[PDB]
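Given as structure tokens, the chain that follows is alone and in the form deposited in one PDB entry.
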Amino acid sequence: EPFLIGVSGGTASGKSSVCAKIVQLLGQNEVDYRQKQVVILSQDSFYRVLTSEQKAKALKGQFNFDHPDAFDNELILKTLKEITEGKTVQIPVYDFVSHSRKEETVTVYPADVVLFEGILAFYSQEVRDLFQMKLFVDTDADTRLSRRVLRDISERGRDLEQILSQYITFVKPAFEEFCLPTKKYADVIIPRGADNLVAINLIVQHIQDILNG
């Protein structure tokens, strides 16, 4: 049975780079995709195929993609279950023009350890109860917001007003209502994110031992 690590934290907490760094340090980027012992899954792969009335809100730009409802809880639960039972799985690739899933999927061969990472990884009891270990990457919201702003201006061509409109109207309230109340389910809290080498090495070491048990 594969070892499931759930990782949560708000946007730009560093939950993504933490998963990236752990997997890099375990030599997994030098390993072919068919033979990887440690795989990373993101909750944002499992965005819902939107209905007519949902797609209408999304064109008007008034659909909160950080709300639990924007996420396909039942496909997440189904898929993680299959992973647990040792089965290989298909991860969707999301089209934001059509708010539907493309035909091309991503294949995920049975792994020894699976990192499942997202803003609402711990929101559903049934999904929480599949994780052997729960990690929350705790970064102050002001810190996270500065990171969000530099990232979205630099590697995307997004405008500063639009970024802070979306943050204040949608991201912040959804973080406070749905994500932050899930911090209390975490086994281990990792402050600051990917620059926290002591916490990362501690989780790398732990996965390393698992790969040799």
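Whichever C-alpha set is largest while still superposing within 1.5 Å between the two forms counts as the rigid core. Numbering starts at 1 and follows the sequence shown.
Although it is not shown, the form deposited in another entry is what the next lines describe.
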With the two forms fitted on the rigid core, I'd like to know which residue in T84, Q132, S100, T88 is displaced by 2 angstroms or more at its CA between the shown form and the other one.
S100
Superposing on the rigid core, do we see a C-alpha displacement of 2 Å or more at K60 between the shown form and the other one?
yes
Comparing between the shown form and the other one on the rigid core, is the C-alpha shift at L180 2 Å or larger?
no
Checking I189 here: with the core superposed, does its CA move 2 Å or more between the shown form and the other one?
no
